[PDB]
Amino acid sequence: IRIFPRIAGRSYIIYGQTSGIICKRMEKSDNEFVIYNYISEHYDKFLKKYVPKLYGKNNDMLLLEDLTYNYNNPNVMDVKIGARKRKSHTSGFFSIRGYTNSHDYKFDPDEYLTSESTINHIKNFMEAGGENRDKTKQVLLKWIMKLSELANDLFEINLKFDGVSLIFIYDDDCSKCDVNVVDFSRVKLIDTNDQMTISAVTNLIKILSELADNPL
């Protein structure tokens, strides 16, 4: 069994026996599966735009689209935009849980950060994208484009996105990038929209916009 190079979480995640699939164990309940099916039926468009494809269930394993598959040299960042179980966010509106090569920059998932340190970590994650300034900006701008639509669409969705993350990805050559929403294990039905989760996305859009705009 080939272990999947996670960037965060404690979940058992392996490569599928097949190309472009990862197998994630549902450790505690089947809630993740219940939530994908509910979103599939009530917010189909949201699932297609923002969420890795669920190809199937196998006992307690979900077969999920590998978001890294189409990438020569993927850089991954996990940012928790949903509410934490009991702790407050390490960056106010959201918590960076890890990124490719975070070890090299002495990143610590338990450390509460200033705005300066939050921004510095996101710049650290962007460093593997090289010094072509007008190409790493294109990556930031494609992220802003999809996070913008996601925030907009979140106003119309009556779920509490407890625990969910954004997986940011970009290839070393900056030819390709994306961001998707993952990990529905703790998501709940509610009667309003999730303003906490919306503020996380808007705060990220703000930070990425300041990076896409500064001239340094």
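Sequential numbering from 1, following the sequence displayed.
145-153 and 52-60 differ in mean CA B-factor, and the higher of the two is recorded for 52-60. When the two stretches 92-100 and 127-135 are set side by side, the higher mean Cα temperature factor goes to 127-135. Of the residues listed, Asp30, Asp172, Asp178, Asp66, the entry assigns the biggest Cα temperature factor to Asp172. Sort the chain's modelled residues by C-alpha temperature factor and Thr192 lands in the highest third, per the entry.
When the CA B factors of the chain's modelled residues are split into thirds, the value for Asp162 lands in the middle one. Sorting the modelled residues of the chain by their CA temperature factor places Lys24 in the middle third.
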